[PDB]
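What follows is a single structure, written as structure tokens, with notes after it.
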Amino acid sequence: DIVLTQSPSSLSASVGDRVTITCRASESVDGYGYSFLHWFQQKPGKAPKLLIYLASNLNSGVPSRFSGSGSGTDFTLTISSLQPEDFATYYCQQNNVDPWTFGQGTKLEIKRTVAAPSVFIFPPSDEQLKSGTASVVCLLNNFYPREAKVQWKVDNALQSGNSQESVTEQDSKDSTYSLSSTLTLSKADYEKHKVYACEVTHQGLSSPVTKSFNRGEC
Amino acid sequence: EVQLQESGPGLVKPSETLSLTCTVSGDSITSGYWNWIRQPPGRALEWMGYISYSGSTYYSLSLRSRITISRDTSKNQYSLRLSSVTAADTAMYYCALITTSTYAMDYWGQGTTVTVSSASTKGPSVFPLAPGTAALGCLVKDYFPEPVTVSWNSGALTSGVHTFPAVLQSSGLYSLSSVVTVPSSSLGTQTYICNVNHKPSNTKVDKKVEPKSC
Amino acid sequence: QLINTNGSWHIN
């Protein structure tokens with residue numbers, strides 16, 4: 001079957017940098033003077049948006065920094081000078097050769113300066129405690145780069161194996177990340193200890209930041 | 001302007017048949033080409049098939065023995081049927097239109113997630129993450145399958161909202177939190193409610209988040 | 001306007 005190969009599969013660039021993404025078709029996608037090769041932009045959790053149609057036509061409403069080139073088997077998407085909102089996965093798509101296909105996507109990541117996280121800690125709710133489980137949540141808000149270390153401590157005892165992390169995708173305006181770390185304990189285990197603390201190590205912090213609370217529906 | 005909207009069950013059992021409908025507004029399905037596209041989690045888009053303005057169809061060869069696309073112009077809808085599903089069919093499913101203005105997939109629905117699993121649906125438990133700038137949120141625990149969506153104040157509060165990717169727990173159920181930052185001075189005066197939608201179980205939960213004591 | 005049949009666009 002026809003295959004579309006994109007290159008590169010991922011790239012990191014700073015705001016204002018030029019971006020070039022290639023799409024190679026294993027056979028010609030041309031017909032009747034057109035190239036049936038289209039480019040899409042897909043942001044996290046959203047449907048793809050058409051950027052360029054028929055190789056070189058800018059779709060209505062798309063910023064002019066986007067352009068497409070190419071013919072036959074070789075195509076290029078160019079972003080002349082990147083904006084923060086260009087963070088996305090980009091796909092090529094051909095619809096003139098059976099079977100229709102997409103490229104495998106190119107993920108564009110945005111590089112920027114260091115931003116320290118703002119840290120918040122949340123105790124478990126009384127309503128959750130009834131159920132026999134306690135979730136303690138630590139929020140790291142609006143930081144860069146993504147790399148961060150979160151260490152839980154309960155009555156000064158370091159925790160391991162009972163926490164899970166989740167990180168947002170880069171923000172469309174300032175390219176930062178936010179992260180949650182969730183510590184899961186038994187109600188019994190939660191009620192036997194007092195001091196709950198989340199310690200955050202990140203490039204933007206000269207020394208680790210700890211947020212804590214003392215238990216109890218006090 | 002044309003708008004496309006997917007609907008149908010969010011969970012299907014292995015071996016059974018997946019059905020989805022795309023309801024179209026602002027344009028008649030007697031123009032254009034009406035497609036189904038899918039995307040397994042974290043993977044590339046895959047074109048499945050179309051039904052045209054005339055009722056002609058075109059299906060992906062690898063899906064032919066399992067796929068049907070049908071339509072009802074009185075309802076201005078078209079539908080996907082996919083038989084004998086497996087875990088390979090777990091995906092976000094999109095309907096998309098090709099118009100002859102571009103010969104491209106120029107208009108898309110928002111997508112609907114279908115998970116192929118023998119496990120039962122389970123709606124979420126929602127708990128408060130209680131509060132210059134203050135943070136607050138909702139913990140959305142123990143639901144299946146994905147996804148949940150979260151809004152704040154019925155969509156009126158959007159700035160500073162972060163809803164984290166779901167994590168699969170050891171229980172086989174999913175969890176996530178949604179947080180927002182707001183002025184500390186607004187605490188006690190402004191009400192904050194997280195609106196959790198779990199379409200797979202047709203459950204909605206609206207949790208008010210306020211300060212505690214200690 | 002071109003017409004699509006079996007994946008390919010043609011005159012008609």
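A note on names: the letters A, B, ... follow the listed sequences, proteins ahead of strands, and every chain is numbered from 1. Atoms considered below: every heavy atom in the structure, side chains included; atoms not considered: hydrogens, waters and symmetry mates.
For B:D72, the CG atom counts as densely surrounded, since its 6.0 Å shell holds more than 12 non-hydrogen atoms of other residues, nucleotides or ligands. Remark: A:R112 CZ is packed, more than 12 non-hydrogen atoms of other residues, nucleotides or ligands lying under 6.0 Å away.
B:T99 and B:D106 share a donor-acceptor pair across their side chains, judged by distance under 3.5 Å alone. Using modelled atom types and a 3.5 Å distance limit, the side chains of A:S178 and B:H162 yield a donor-acceptor pair.
A 4.5 Å side-chain heavy-atom check between A:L108 and A:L82 finds at least one atom pair inside the cut-off.
Ring orientation note: the planes of A:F143 and A:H202 are nearly perpendicular, at an angle over 60° on the 30°/60° scale.
Sorted by first and then second residue, the side-chain hydrogen bond (donor to acceptor under 3.5 Å, both in side chains) pairs with a member in residues 5-14 of chain B read B:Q5-B:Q110; sequence neighbours excluded.
When ring centroids are compared, B:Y50 and B:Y33 come within the 6.0 Å threshold.
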For the pair A:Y34 and B:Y103, evaluate ring pair (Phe, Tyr, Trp, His ring centres under 6.0 Å) and give the outcome as yes or no after the intermediate values. CA-CA 10 Å; A:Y34 297 115; B:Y103 300 113; 5.7 Å; yes

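Remark: B:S178 engages B:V150, B:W152, B:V161, B:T163 in a side chain to side chain contact (heavy atoms under 4.5 Å, CB included) (not counting sequence neighbours).
The pair A:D17-A:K111 does not meet the salt-bridge criterion, since no charged nitrogen lies less than 4.0 angstrom from a carboxylate oxygen. Comment: A:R65 engages A:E85 in a salt bridge, judged by a side-chain N to carboxylate O separation of less than 4.0 angstrom.
Looking at every heavy atom in both residues, A:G72 comes nearest to A:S35 through N-OG, 3.9 Å. Contact between B:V140 and B:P124 at its shortest, heavy atoms only, is CG1-CB, 3.6 Å.
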